[PDB]
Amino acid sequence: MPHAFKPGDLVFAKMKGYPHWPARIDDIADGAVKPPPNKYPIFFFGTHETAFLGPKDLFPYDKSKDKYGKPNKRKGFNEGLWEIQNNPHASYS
């Protein structure tokens, strides 16, 4: 059975106006800005941008990849598909 989301989990994350996007739940480094309550720090692969999202916008990657894991014209998307499949836990800083 599912647990709550934790750092390192792989997802497609949904933002208004964007396709479901390959991403991970990030850690929050000591001294780093914390998300709002009930929000997670989401790192989006390919763009390497961060937003704060709650679970309603988070789709576990294994369950969802057949639906959402297809190329897209949007900037950074296809790079992001490579990253989530091939090195999802690397430093992209």
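When you see a residue number, it is the position in the sequence shown, counting from 1.
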request  = Tell me which of 13-21 and 80-88 has the higher mean C-alpha B-factor in the deposited entry.
outcome  = 13-21
message = Mean CA temperature factor from the deposited coordinates, higher in 64-72 or in 41-49?
response = 64-72
ask   = Mind checking which third residue 2 falls in for C-alpha B-factor across the chain?
value = highest
message = Split into thirds by Cα B-factor across the chain's modelled residues, where does residue 27 land: lowest, middle or highest?
response = highest
